[PDB]
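One structure is given below, encoded as structure tokens.
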Amino acid sequence: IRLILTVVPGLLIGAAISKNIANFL
Amino acid sequence: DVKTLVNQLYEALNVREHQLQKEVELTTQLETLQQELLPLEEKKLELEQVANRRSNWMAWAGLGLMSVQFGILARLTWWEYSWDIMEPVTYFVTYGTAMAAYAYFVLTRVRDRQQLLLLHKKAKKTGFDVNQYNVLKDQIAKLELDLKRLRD
Amino acid sequence: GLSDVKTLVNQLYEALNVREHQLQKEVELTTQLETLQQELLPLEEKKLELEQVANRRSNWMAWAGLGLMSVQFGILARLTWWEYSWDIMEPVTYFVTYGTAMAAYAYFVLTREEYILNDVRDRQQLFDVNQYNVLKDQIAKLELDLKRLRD
Amino acid sequence: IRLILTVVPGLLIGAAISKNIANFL
Amino acid sequence: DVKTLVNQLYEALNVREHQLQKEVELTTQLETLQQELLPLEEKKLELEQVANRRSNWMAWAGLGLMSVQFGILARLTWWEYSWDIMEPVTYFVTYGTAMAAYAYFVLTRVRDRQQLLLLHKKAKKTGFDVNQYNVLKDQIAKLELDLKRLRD
Amino acid sequence: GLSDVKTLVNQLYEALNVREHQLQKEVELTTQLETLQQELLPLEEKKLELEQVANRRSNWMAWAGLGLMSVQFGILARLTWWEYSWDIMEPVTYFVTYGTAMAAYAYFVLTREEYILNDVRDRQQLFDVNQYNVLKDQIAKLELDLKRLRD
Amino acid sequence: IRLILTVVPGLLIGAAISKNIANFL
Amino acid sequence: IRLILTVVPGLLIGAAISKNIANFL
Ligand SMILES: [Ca+2]
């Protein structure tokens, strides 16, 4: 349960940060 | 000559009621040893848990980082860019991640006996002297086995 | 230390009392060795049983791992070469390989964490290998001394 | 013998399931 | 009383000439035990060398198979075909090699002491008992050490 | 066997001659502990020297490996992103990675083969760890007996 | 020395066998 | 500190050697 709660938020956080960095350029 | 002399000595000191004396002395020496063992054991258990939490946390963090890298690449090669332009970026990101894992390994550096020796070496923590705990466990095991023989 | 010298005098008395020191001691040595082996038998049986029960598990688990790897290979091979061309399914195979490596890593982390957490909990709440090993030592020393006495 | 009987059915099963899933879409 | 008895027995049997007698008895006991140990070392050395030949040969065969595959891929990827058609074959050949290596590592199945114990359990050949060998090594070690203390 | 029972009598005699049974025995145990430790020190010196001379080697070897891998990384990145395109440098990078992995495995097998050959040859031609080990065990038992005697 | 004598013949053997198999089709 | 001083020079050295080898052809 905790495994899913660790991975999935990390993946979504990675997506949003890449979104924002691409926005930044 | 000396045979009758050791016979007289046996009659004097070794009253020959020594069997039950051996039983009771054994079953109290065992308790004294266990009481002597418990502090060493609690030190070992605390040390093991403190060296376990670290590895657990580090492993979970490593999994989180792999997932974040996955997310960064999957949001790049399917929304912002095309696959072909981000093909070499992914290969070199994978290469760089492998190199960083290798660098982490190089920077961080009977099976139970090996684990305990390395833990004591990494500790230099007094109060738990591994060889003392080992000879203690060995003496206790031998004594308890002799008690099993005595009770029969 | 009175008990110590008492046991010492008893040992000395038994040693001087023996007749045929080189013969009768060899007989008693055989009896003692036989008795210790008969005592060891249950410990060895328990160890063998526990080893087998903990080994067939790992064999089945690795076999399942191989089956799953082959299943994934089959999925990729048909998709790449029958349904869609390779040019459109290059990213899918890369990211599925990534997902598979992460799942393998996640399985190792789960088994390690679960096993070690279960062990520490059992140790904090609480087949003794130590007496079995001490028994092997005593019996090997006895057999060696018997060998030396025989020839 | 058992090795072949474990791998090959798995590979064929993977192919057929991928077939069916692609059919499904 | 009994103290005077053991004093008389000390003068009787414990002649007290046992100092030099102990030195010479020990320097011969050590040779005796070493002569006893030798066959065990021969058996262990032979067994370990036979189990090492096999590992070397298998690792060399592995390297040979690795290089042959690399050769085949290179020739097709630059002479007989183009890179476009040989990307999926390359990836799937790498996948197949990984699966085969894993199938091999599954069909095969204090650090030195663990290794020796596993080797003995796997090979299980009579004439060499690791336990008697260990206890003999430890007894001869303690005797050499005591002899060092005596020579001073 | 007569010498053995004589040694039993000798132990008995050293036991009976004691004055201040627990005090002088505690003193003698302290001297024994001191003597064994003074003897143990040279072995620990040898072990620490050997461990360090065997640890720095692996550290430097791993650093060299990491540096070489970084050099290859840099080579591939510059050839891929500036001079050429990824379309033309795909097979080159794949086969260079293959070659690097094969060379690493070849280096491992070569050091393994050389090490085992040298070790078996030296063993056939021929810091005693086992006397160090029995020294640690004996000195620990003595320190433990001293503690139990203290209180 | 032996390392070279193991790898290089293997690579050449791989090339020739791939040659022959392509010839075969 | 030493980690950076090991990696970065290696990467730059790799770049320059690839430069020179491409120059060579
Ligand atoms: Ca490609």
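Residue names in the structure tokens use chain letters A, B, ... in the order shown, residue numbers from 1 in each chain, and ligand numbers from 1 in the order shown.
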Can I have chain G aligned to chain H? Use a least-squares fit on all Cα atoms paired in order and write it out as a CSV table (one decimal) with C-alpha atoms, in the first residue's frame.
```csv
chain,number,residue,atom,x,y,z
G,1,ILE,CA,34.8,17.0,-3.9
G,2,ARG,CA,37.1,14.3,-5.2
G,3,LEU,CA,34.1,12.8,-7.0
G,4,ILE,CA,33.6,15.9,-9.0
G,5,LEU,CA,37.3,16.2,-9.7
G,6,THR,CA,37.3,12.6,-11.0
G,7,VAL,CA,34.2,12.7,-13.2
G,8,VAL,CA,34.3,16.1,-14.8
G,9,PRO,CA,37.9,15.9,-16.2
G,10,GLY,CA,37.1,12.5,-17.6
G,11,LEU,CA,34.0,13.8,-19.4
G,12,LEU,CA,36.0,16.8,-20.9
G,13,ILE,CA,38.8,14.5,-21.8
G,14,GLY,CA,36.4,12.2,-23.6
G,15,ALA,CA,35.0,15.1,-25.5
G,16,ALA,CA,38.4,16.4,-26.7
G,17,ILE,CA,39.6,12.9,-27.7
G,18,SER,CA,36.4,12.3,-29.7
G,19,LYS,CA,37.0,15.8,-31.3
G,20,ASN,CA,40.5,14.8,-32.3
G,21,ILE,CA,39.6,11.3,-33.6
G,22,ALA,CA,36.8,12.8,-35.8
G,23,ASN,CA,39.4,15.4,-36.9
G,24,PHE,CA,41.8,12.5,-37.7
G,25,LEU,CA,39.5,10.8,-40.2
```
What's around segment 117-131 of chain E at 9 Å? Count only C-alpha atoms, leave out sequence neighbours fewer than 6 positions away in its own chain, and write the answer as a ChimeraX atom specification.
/C:136-137,140-141 /E:39-41,43-44,47-48,51
Go ahead and save the picked residues with C-alpha atoms, as a CSV table (one decimal), in the first residue's frame.
```csv
chain,number,residue,atom,x,y,z
C,136,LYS,CA,29.0,-31.1,16.2
C,137,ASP,CA,32.2,-29.8,17.9
C,140,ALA,CA,34.0,-34.4,16.1
C,141,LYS,CA,36.5,-34.0,18.9
E,39,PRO,CA,45.8,-35.6,5.0
E,40,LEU,CA,42.8,-33.3,5.7
E,41,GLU,CA,44.6,-30.4,4.0
E,43,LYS,CA,41.8,-33.6,0.6
E,44,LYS,CA,40.6,-30.1,0.9
E,47,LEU,CA,38.6,-30.8,-3.7
E,48,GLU,CA,38.8,-27.0,-3.9
E,51,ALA,CA,35.8,-27.2,-8.0
```
Report as a PyMOL selection string which protein, DNA and RNA residues come within 9 Å of ligand 1, using only C-alpha atoms and all ligand atoms.
(chain B and resi 84+87-88) or (chain C and resi 87+90-91) or (chain E and resi 84+87-88) or (chain F and resi 86-87+90-91)
Please identify every residue of chain F that has at least one atom no more than 8 Å from any atom of chain E, counting only C-alpha atoms, and report them as a list in words.
residues 6, 7, 9, 10, 13, 16, 91, 95, 98, 102, 105, 106, 109, 113, 116, 120, 123, 124, 130, 131 and 134 of chain F
So that I have them on file, write out the residues from the current selection with N, CA and C atoms, as a PDB file, in the first residue's frame.
```
ATOM      1  N   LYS F   6      48.731 -36.390  36.706  1.00  0.00           N
ATOM      2  CA  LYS F   6      49.687 -35.516  37.372  1.00  0.00           C
ATOM      3  C   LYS F   6      49.311 -34.058  37.172  1.00  0.00           C
ATOM      4  N   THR F   7      48.915 -33.692  35.953  1.00  0.00           N
ATOM      5  CA  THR F   7      48.500 -32.317  35.708  1.00  0.00           C
ATOM      6  C   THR F   7      47.245 -31.981  36.483  1.00  0.00           C
ATOM      7  N   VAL F   9      46.558 -33.167  39.458  1.00  0.00           N
ATOM      8  CA  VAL F   9      47.055 -32.893  40.800  1.00  0.00           C
ATOM      9  C   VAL F   9      47.711 -31.523  40.860  1.00  0.00           C
ATOM     10  N   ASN F  10      48.409 -31.134  39.790  1.00  0.00           N
ATOM     11  CA  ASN F  10      49.049 -29.824  39.769  1.00  0.00           C
ATOM     12  C   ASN F  10      48.022 -28.705  39.821  1.00  0.00           C
ATOM     13  N   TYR F  13      46.797 -28.486  43.220  1.00  0.00           N
ATOM     14  CA  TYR F  13      47.752 -27.909  44.156  1.00  0.00           C
ATOM     15  C   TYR F  13      47.782 -26.393  44.045  1.00  0.00           C
ATOM     16  N   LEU F  16      44.733 -25.149  45.959  1.00  0.00           N
ATOM     17  CA  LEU F  16      44.785 -25.158  47.420  1.00  0.00           C
ATOM     18  C   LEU F  16      45.771 -24.144  47.983  1.00  0.00           C
ATOM     19  N   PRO F  91      24.106   2.563 -33.922  1.00  0.00           N
ATOM     20  CA  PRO F  91      24.817   1.287 -33.783  1.00  0.00           C
ATOM     21  C   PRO F  91      26.169   1.443 -33.131  1.00  0.00           C
ATOM     22  N   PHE F  95      27.132  -0.804 -29.797  1.00  0.00           N
ATOM     23  CA  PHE F  95      28.234  -1.756 -29.810  1.00  0.00           C
ATOM     24  C   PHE F  95      29.380  -1.323 -28.916  1.00  0.00           C
ATOM     25  N   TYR F  98      28.222  -2.528 -25.590  1.00  0.00           N
ATOM     26  CA  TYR F  98      28.455  -3.965 -25.572  1.00  0.00           C
ATOM     27  C   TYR F  98      29.921  -4.281 -25.320  1.00  0.00           C
ATOM     28  N   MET F 102      31.541  -6.287 -22.137  1.00  0.00           N
ATOM     29  CA  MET F 102      32.316  -7.502 -22.357  1.00  0.00           C
ATOM     30  C   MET F 102      33.726  -7.362 -21.799  1.00  0.00           C
ATOM     31  N   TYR F 105      33.582  -7.733 -17.951  1.00  0.00           N
ATOM     32  CA  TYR F 105      33.454  -9.129 -17.560  1.00  0.00           C
ATOM     33  C   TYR F 105      34.737  -9.896 -17.840  1.00  0.00           C
ATOM     34  N   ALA F 106      35.443  -9.549 -18.915  1.00  0.00           N
ATOM     35  CA  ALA F 106      36.712 -10.207 -19.202  1.00  0.00           C
ATOM     36  C   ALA F 106      37.761  -9.861 -18.159  1.00  0.00           C
ATOM     37  N   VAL F 109      36.907 -12.005 -15.041  1.00  0.00           N
ATOM     38  CA  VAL F 109      37.286 -13.409 -15.168  1.00  0.00           C
ATOM     39  C   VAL F 109      38.800 -13.561 -15.155  1.00  0.00           C
ATOM     40  N   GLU F 113      40.730 -15.836 -12.436  1.00  0.00           N
ATOM     41  CA  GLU F 113      41.562 -16.968 -12.832  1.00  0.00           C
ATOM     42  C   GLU F 113      42.987 -16.812 -12.321  1.00  0.00           C
ATOM     43  N   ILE F 116      43.031 -17.406  -8.427  1.00  0.00           N
ATOM     44  CA  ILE F 116      42.875 -18.783  -7.967  1.00  0.00           C
ATOM     45  C   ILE F 116      44.099 -19.608  -8.334  1.00  0.00           C
ATOM     46  N   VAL F 120      46.279 -21.503  -5.503  1.00  0.00           N
ATOM     47  CA  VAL F 120      46.452 -22.955  -5.471  1.00  0.00           C
ATOM     48  C   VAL F 120      47.925 -23.320  -5.604  1.00  0.00           C
ATOM     49  N   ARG F 123      49.550 -22.657  -2.284  1.00  0.00           N
ATOM     50  CA  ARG F 123      49.137 -23.658  -1.307  1.00  0.00           C
ATOM     51  C   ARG F 123      49.823 -24.994  -1.560  1.00  0.00           C
ATOM     52  N   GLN F 124      49.951 -25.388  -2.828  1.00  0.00           N
ATOM     53  CA  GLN F 124      50.641 -26.635  -3.142  1.00  0.00           C
ATOM     54  C   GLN F 124      52.123 -26.540  -2.811  1.00  0.00           C
ATOM     55  N   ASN F 130      44.285 -18.127  12.581  1.00  0.00           N
ATOM     56  CA  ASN F 130      43.619 -18.983  13.547  1.00  0.00           C
ATOM     57  C   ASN F 130      44.178 -18.825  14.947  1.00  0.00           C
ATOM     58  N   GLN F 131      45.460 -18.508  15.088  1.00  0.00           N
ATOM     59  CA  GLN F 131      45.948 -18.234  16.429  1.00  0.00           C
ATOM     60  C   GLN F 131      45.502 -16.863  16.899  1.00  0.00           C
ATOM     61  N   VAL F 134      41.819 -17.709  18.148  1.00  0.00           N
ATOM     62  CA  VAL F 134      41.763 -18.341  19.459  1.00  0.00           C
ATOM     63  C   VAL F 134      42.280 -17.396  20.535  1.00  0.00           C
TER      64      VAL F 134
END
```
Distance limit 7 Å, atoms considered: only C-alpha atoms. Which chain B residues sit that close to chain E? Return them as a short mmCIF file (atom, residue, chain, number, x, y, z; two decimals) with N, CA and C atoms, in the first residue's frame.
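Listed below is the output, result-v2.cif:
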```cif
data_model
loop_
_atom_site.label_atom_id
_atom_site.label_comp_id
_atom_site.auth_asym_id
_atom_site.auth_seq_id
_atom_site.Cartn_x
_atom_site.Cartn_y
_atom_site.Cartn_z
N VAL B 2 49.32 -44.35 46.14
CA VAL B 2 48.49 -43.15 46.11
C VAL B 2 47.02 -43.47 45.89
N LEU B 9 41.01 -39.04 50.16
CA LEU B 9 40.65 -37.68 49.76
C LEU B 9 39.23 -37.61 49.21
N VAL B 110 26.53 -18.27 9.65
CA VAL B 110 27.90 -17.81 9.49
C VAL B 110 27.80 -16.46 8.92
N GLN B 114 29.21 -12.88 10.14
CA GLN B 114 29.79 -11.85 9.29
C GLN B 114 29.06 -10.53 9.44
#
```
Please report the interatomic distance between atom CA of residue 108 of chain C and atom CA of residue 98 of chain B in Å with one decimal.
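Taking atom CA of residue 108 of chain C and atom CA of residue 98 of chain B, their separation equals 18.2 Å.
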Using only C-alpha atoms, which chain F residues lie at most 7 Å away from chain C, written as a list in words?
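Residues of chain F within 7 Å of chain C, counting only C-alpha atoms: residues 5, 8 and 12 of chain F.
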Residue hits in chain E, query chain G, radius 7 Å, only C-alpha atoms, as a ChimeraX atom specification
/E:64,67-69,71-72,75
Residues from the last selection, C-alpha atoms, saved as a PDB file, in the first residue's frame:
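part.pdb was written with the following content:
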```
ATOM      1  CA  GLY E  64      33.360 -16.946 -25.732  1.00  0.00           C
ATOM      2  CA  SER E  67      31.965 -12.485 -28.103  1.00  0.00           C
ATOM      3  CA  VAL E  68      30.470 -14.756 -30.755  1.00  0.00           C
ATOM      4  CA  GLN E  69      27.090 -13.068 -30.382  1.00  0.00           C
ATOM      5  CA  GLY E  71      30.427 -10.761 -33.780  1.00  0.00           C
ATOM      6  CA  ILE E  72      27.220 -11.970 -35.405  1.00  0.00           C
ATOM      7  CA  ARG E  75      28.405  -8.399 -39.204  1.00  0.00           C
TER       8      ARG E  75
END
```
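Between atom CA of residue 24 of chain B and atom CA of residue 147 of chain B the interatomic distance comes to 10.2 Å.
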